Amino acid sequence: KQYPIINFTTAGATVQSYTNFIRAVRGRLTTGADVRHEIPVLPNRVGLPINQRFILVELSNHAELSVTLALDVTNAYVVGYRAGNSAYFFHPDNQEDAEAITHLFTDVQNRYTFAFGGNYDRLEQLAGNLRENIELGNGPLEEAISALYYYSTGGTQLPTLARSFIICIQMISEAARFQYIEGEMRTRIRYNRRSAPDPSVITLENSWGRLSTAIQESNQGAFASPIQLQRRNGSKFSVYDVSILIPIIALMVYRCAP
């Protein structure tokens, strides 16, 4: 009757504490009973009961502020958030999703649905910057938490709210989806660095649906046609088999098997 909550703080964050956080997120996103070619699948949206539909990620910072994100277990998407007495949700893509989000944060005094949706393309337009120009790392996360916290009081400008959602989505949902992206965030934390995601990260994020489909329709792991990804330097290279992606992709959106 209460969605599971996973907590993380940027205060004193370490490689280990962030690893533990991502590990716990993945364990609440899916039971891992459905696995294809060794890669776990998230639950199928079709028929999933509303009491199993979301998980909550509570984020706190050194500035002593806390916000709670809500993630959809079917796709790990961030659907909205709460900060004390206000909660905000991206505009839903359909009436069923609009109904499902009514079961989030039910006791909050003030609820709002943004005019805009939450996909990267729309967020980047609102932010005035692409993912490739938005730094990630503990420093960015601590600032995003504060920016989300102050939004209900009028203190946070919309382009900074959208930048702050882009940071959270990549450092939580994308890291859950891809060990490679989790590793990129671990490296930033290890060296107290803040830097934008390189093309390898961006193209993996953009490819998640396509890779979920290609792995799940594969012939014993062999892709039906090669998929082009980007190296760190922006060069394209082909992948032909799920085997090379085992240490890279952690979760997939559901597809029916062949």
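Numbering starts at 1 and follows the sequence shown.
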Entry B factor averaged over C-alpha atoms, 44-52 against 213-221: higher for 44-52
Entry B factor averaged over C-alpha atoms, 145-153 against 90-98: higher for 90-98
Per the deposited entry, the peak Cα B-factor within the set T187, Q179, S173, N110 goes to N110
Split the chain's modelled residues into thirds by Cα B-factor; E205 lands in the lowest
Assert third(CA B-factor, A83) within chain per record equals middle
So, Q16's CA B-factor, relative to its chain, sits in which third? The middle
Quick tally, chain-level thirds of C-alpha B-factors: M252 sits in the lowest
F105: C-alpha B-factor third of its chain, per the entry, is the highest
